[PDB]
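Asker: My structure is below; once you've seen it, I'll send some questions.
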RNA sequence: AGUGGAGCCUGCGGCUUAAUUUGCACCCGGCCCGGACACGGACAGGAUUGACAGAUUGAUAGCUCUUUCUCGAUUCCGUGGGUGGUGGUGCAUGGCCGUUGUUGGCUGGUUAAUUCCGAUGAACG
RNA sequence: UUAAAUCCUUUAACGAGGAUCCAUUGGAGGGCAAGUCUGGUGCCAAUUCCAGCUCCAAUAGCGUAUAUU
């Protein structure tokens, strides 16, 4: 999740539109088969 | 005198040991 | 007749309470909370706090066995059975075995038509110890199963009736007791049983009134060690009726005054994540002043966790009644 | 209730998307 | 901290033949095929125990006696109080069978005859797959552990022809949710019975680890010698074929519903049903024989003054 | 010039305490009352209301503990993870204040006293 | 129809409201299509694991691995 936070801060510094930061930033949606 | 943490001082851990099977 | 229906309804009520409020127990208004909860302690963190595996062992653990290295013992016995050639009857020979002291009932059973099989035990497999077996509930049976009621265990060619304990299947050092067998995940049944080396399948049956055994579980014998400890957890609830800045006055968790003094060294917590510590009793009615990390809302409920090491009950019965043939209700 | 399938699901998606 | 131009930064200075493979593969194939041949010959032949087949009907419309008559090369019809377990000899095909049968729901019977079965023959009816009793039995059997199994259907030819193919297709779907990739054989005639026996004899055996690591036997004959009849306790003579490992009498013998015991003697009478047509070899003595100890063998104040004022 | 030394007083901590409230709020005892909905119970064989006297009580009291007199459907017991209402709170919302000149017009008691209390309008810009 | 049949086609009869005669497979709260969501469970409000809701894509089909273009 911290990796996603760093990438979103990267995209913020680059000046493009970034999703607002919430509690669902990095969370596994499901197991993958 | 005693409370729920310090009473744990009077508990022993060496009486009812099961038989130990060696290797 | 109808008392069975009343008990079934009461068990259903307890099951829904347990799934809705896990371990919250109301404080008894008549008995002191430092007496009914005398054999309890508090843990700062359930996973990381220590607990001695040899502490306060009952009379029952004076009667069982334990392996110094169960992994190496399995390796030794299995290499001995695959490598060494024992001077005995070899596979395929039609042998007759004279076995000494057996009741006549099996002979009668053999003229009924019941299959009678035998198997030779591995070394150390007749001695009793604590069997930890992993189970999961099949959806065919949805009746409530309480933690320490008697069940029929099929484990590795062996049938026996006994009363287990249900524990969480986690990777931590100590595991929380499950008071009910929840039908969504895998749990651990802990029981007194003779030693059996894994792999072995684990069938759990519940005896119905009409004589049928209903299947409730399925799984494998995880391990044979009494060092696995079950931890019964009791949660006491309190109402913070006066709120201040980083300070609260809490009632209804205790009722005596020395109950507050007895349970002072246990860290408190709330339903909304805010932790805190209990400062001091107010007086004569169980009211307490507590210091938290933040402000508390009026709808919040203060919670307290108490832990006690629980152990299985010695109800080993090598007799299982022969059922009537099963039919769908 | 049930969702529509086939040509009807696409007709519904079109009515939502381009009609209004 | 990012140093600027006034800070000193210096840029770094950059500085087997074809025949050999064929013969090796030949050697590996010959090794593996020899090992598989030994493994397939040990079971059901003249040097091994009989191939034990447990027949389980999974529905109520299934006539089990008709199936057992189709399954019976001479037959030695052993019989008990209710069940009919029979020995079968096919020296034309060179195989020895022991056929047991069990009704679903009879928990101890099906679980015991499935924990000593080499193969399980499930029976089906054309219309439905299995009963709810069949579903319950299959759940217990899957959870205990399955040996190799085969699926046979009984009443396809009883149907009108114009539906039969389609009926079989439907049945396949009803099977596929529990037996996904398994062939549905038909058991209606003697010819199909021989085809089913051939499929049984030559098939990849599933191996169950628990019974493979221990010595077990299914009692073919049980005799009782009561030492004192009024004591209701005596010696058992249990006769059967050793199955799992080498049977050593210096270890305890557990009978499944009745607990473990100390066994005394092993004699080896003649095989009553050999494939192609009284001596005792072992002794008891307790110098190394384990003992059946499941539990540890080692055993100034005035009258009206309050407690406050005091 | 002192304070920090000493005695006393006071403020935060800490210690005792039932409370030594807190960034009369605190403590020890005694009153008052505390939904409907659903379902199952009791109820004119009587549901339920009021009550003298005595007592318990730190004190008295049908608001309590005895003893029966009256009122009669104005009912009262239990279980729900079902709402909730004398609830607290924000928004749109209709009416209504204040907000950003000029000229007129006496039964009663009481005091030094037209003293005191007591009854008792108009236009113009 | 066909060697004989099956299927398809052709035709009587019965056969549709929750027309329950009930479409799936995957992905989205870091970039191409698509999230200011909810509840459990642990660590010191952030934060592991689990279950959902909402949305998007193609559709009797749709994911995955491996090789290749």
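Asker: Taking the Kirkwood radius as the inverse of the mean 1/r across Cα pairs, report the Rg/Rh of chain E.
Answerer: Expressed as Rg/Rh, it is 1.30.
Asker: How big is D, in µm² s⁻¹, for region C:1-62 by Stokes-Einstein at 20 °C and 1.002 mPa s if Rh is the Kirkwood radius over C-alpha pairs?
Answerer: Using the Kirkwood radius from Cα pairs, D works out to 135 µm²/s.
Asker: Here's something else I'd like to know. How large is the helix-only mean residue ellipticity at 222 nm for chain C, computed as the sum of -39500 (n - 2.57) over DSSP H runs with n ≥ 4, divided by its residue count, in deg cm²/dmol to the nearest 500?
Answerer: About -4500 deg cm²/dmol.
Asker: Same structure, new question: In degrees, nearest 10, range 0 to 90: what is the angle between the Cα axis of helix C:2-20 and the longest Cα principal axis of chain C?
Answerer: 60 degrees
Asker: Grab the alpha carbons of region C:103-258, take their convex hull, and tell me the volume per residue in Å³.
Answerer: 224 Å³
Asker: Still on this structure, please answer the following. Two decimals, Cα atoms only, Kirkwood Rh: what is Rg/Rh over region E:180-310?
Answerer: 1.45
Asker: Please work out, to two decimal places, the log10 of the ratio I(q)/I(0) at q = 0.13, 0.15 Å⁻¹ from a Debye calculation in which every Cα of region C:181-329 carries one identical scatterer.
Answerer: Summing over Cα pairs of region C:181-329 leads to -0.76, -0.83.
Asker: Here is a follow-up. How would you classify region C:200-239 from its alpha-carbon gyration tensor, with a ≥ b ≥ c the square roots of the eigenvalues: rounded for a/c under 1.5, else prolate if a/b is greater than b/c, otherwise oblate?
Answerer: The shape class here is oblate.
Asker: Calculate the tail of P(r) for region E:1-73: the fraction of all Cα-Cα distances greater than 14 Å, expressed in %.
Answerer: Roughly 81 percent, rounded to a whole number.
Asker: P(r) for region C:58-131: what percent of alpha-carbon pairs falls in each 10 Å bin, starting at zero?
Answerer: Going from the shortest bin to the longest, the percentages are 12, 30, 30, 24, 3.
Asker: Decide, for region E:157-203, between rounded, prolate and oblate: order the square roots of the alpha carbon gyration tensor eigenvalues as a ≥ b ≥ c, take rounded if a/c falls under 1.5, and otherwise choose prolate if a/b is larger than b/c, else oblate.
Answerer: Since a/c reaches 1.5 but b/c is at least a/b, the shape of region E:157-203 is classed as oblate.
Asker: Can you quote the Å³ per residue value for the convex hull of the Cα atoms in region E:65-107, rounded to an integer?
Answerer: Roughly 83 Å³ of hull volume per residue.
Asker: Next up: Along its principal axes, what span do the Cα atoms of region C:62-179 show, with the longest given first and each in whole Å?
Answerer: The Cα atoms of region C:62-179 stretch 49, 42, 32 Å along the principal axes, largest first.
Asker: I need the Debye-formula profile for region C:247-322: one equal scatterer per C-alpha, no solvent, reported as log10 I(q)/I(0) at q = 0.12, 0.14, 0.17 1/Å, two decimals.
Answerer: Log-scaled intensity ratios, in q order: -0.43, -0.51, -0.66.
Asker: Still on this structure: How big is the equivalent ellipsoid of region C:162-236 along its three axes, where each semi-axis is √(5λ) from the Cα gyration tensor, reported in whole Å from largest to smallest?
Answerer: 22, 18, 11
Asker: From the mean inverse distance of alpha carbon pairs (Kirkwood) and the Cα radius of gyration, derive Rg over Rh for region C:1-128.
Answerer: The Rg/Rh ratio comes out at 1.14.
Asker: Ranked highest first by average number of other Cβ atoms within 10 Å, how do E:24-34, E:115-125 line up?
Answerer: Going from most to least packed, we get E:115-125, E:24-34.
Asker: Pairs of Cα atoms under 8 Å, at least six residues apart: use those to get the relative contact order of region C:76-164, whole percent.
Answerer: Averaging sequence separation for qualifying contacts and normalising by length gives 15 percent for region C:76-164.
Asker: Related question: With springs connecting C-alpha atoms under 10 Å apart, model chain C as a Gaussian network and identify which of C:185, C:222, C:128 has the largest mean-square fluctuation.
Answerer: C:185
Asker: With springs only between Cα atoms under 10 Å, which of C:111, C:29, C:47 fluctuates most in a Gaussian network model of chain C?
Answerer: Per the Cα network of chain C with a 10 Å cutoff, C:111 tops the list.
Asker: Within chain E, what percent of beta bridges assigned by DSSP are antiparallel, to the nearest 5?
Answerer: So the antiparallel bridges amount to about 50 percent of the total.
Asker: Averaging over every viewing direction, what projected area does the convex hull of the Cα atoms of the protein assembly as shown cover, in nm²?
Answerer: 62.8 nm²
Asker: In a solvent-free Debye calculation with one equal scatterer on each Cα, what is log10 I(q)/I(0) for region E:135-254 at q = 0.18, 0.19, 0.21, 0.22 Å⁻¹, listed in the order of the q values?
Answerer: Log10 I(q)/I(0), no solvent term: -1.12, -1.18, -1.29, -1.34.
Asker: Continuing with this model, one more query. Let me know the Rg and Dmax you get for chain C when you use only its Cα atoms, in Å.
Answerer: 25.2, 86
Asker: Which whole-number percent gives the relative contact order of region C:243-329, counting Cα pairs below 8 Å spaced six or more residues apart?
Answerer: 31 percent
Asker: Of all the Cα-Cα pairs you can form in region E:251-310, what percent are over 20 Å apart?
Answerer: Here the tail beyond 20 Å accounts for 62 percent of pairs.
Asker: Quick one, can you get me the convex hull of the C-alpha atoms of region E:96-199 expressed as volume per residue in Å³?
Answerer: It is 107 Å³ per residue.
Asker: Could you give the alpha-carbon Rg of region E:1-156 over 2.2 N^0.38 Å, rounded to two decimals?
Answerer: In units of the globular-protein estimate, region E:1-156 measures up at 2.01.
Asker: Would you mind telling me which residue in C:171, C:193, C:147 has the biggest mean-square fluctuation in a Gaussian network model of chain C, where springs connect alpha carbons within a distance under 10 angstrom?
Answerer: Its mean-square fluctuation being the largest, the pick is C:171.
Asker: Sorted from largest down, give the three principal axis spans of the alpha carbons of region E:121-174, whole angstrom values.
Answerer: Reported extents, whole Å, longest axis first: 41, 22, 17.
All of the numbers you see were taken from the coordinates with simple rules; none came from a lab. Cβ coordinates were reconstructed from backbone atoms using ideal geometry, including for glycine residues, and neighbour counts include every protein chain displayed.
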